[PDB]
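What the coordinates show
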Amino acid sequence: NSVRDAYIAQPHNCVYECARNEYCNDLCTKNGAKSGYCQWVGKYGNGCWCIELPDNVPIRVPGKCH
């Protein structure tokens, strides 16, 4: 779809680690998301999770972070 909830990604297919929830909310919203938070446990471990991220922004997908 046009929006999805997921780990925002940086080059190349890598999550953004986090220490604070606010860091993720800022990172996510700055990229068009509704909000975001720091996931200390989840599918790929520690990383920022965004709610309703636009699809022109990369998300973590199956594969290797490189």
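Residues numbered from 1 in each chain as written, not as in the entry; some residues may be left out. Heavy atoms only, no water.

Side chains that carry opposite charge are capable of pairing whenever their charged atoms lie near each other. According to the stated counting rule, one finds one salt bridge in the structure shown. In this structure, the salt-bridge partner of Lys 30 is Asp 26, at a minimum N-O distance of 3.4 Å. Taken together, the positions of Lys 30 and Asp 26, both in helix α1 (residues 21–30) and four residues apart, correspond to about one turn of that helix. Judged by its relative accessible area of 42%, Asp 26 is partly exposed. (Salt bridge = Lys/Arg side-chain N within 4 Å of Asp/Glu carboxyl O. Helix = DSSP H or I, 4+ residues; strand = E, 2+ residues; numbered from the N terminus. Buried < 20%, exposed > 50% of the residue type's maximum accessible area, 1.4 Å probe, protein only.)

Let us now look at the UniProt feature "disulfide bond" in the protein. Between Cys 14 and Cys 65, where UniProt records a disulfide, the sulfur-sulfur distance comes to 2.0 Å, consistent with the annotated bond. You can see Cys 14 sitting in strand β3 (residues 14–15) and its partner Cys 65 sitting in the segment after β5 (47–54), a full 51 residues away along the chain. With sulfur atoms 2.0 Å apart, the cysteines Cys 18 and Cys 38 match their UniProt disulfide annotation in this structure. Taken as a pair, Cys 18 in the loop between β3 and α1 and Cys 38 in strand β4 (residues 35–39) lie far apart in primary sequence, 20 residues in all. With respect to class, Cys 18 is no different from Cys 38; both count as buried. (Disulfide = S-S within 2.5 Å. UniProt positions renumbered as here; feature names shortened; annotations may be inferred.)

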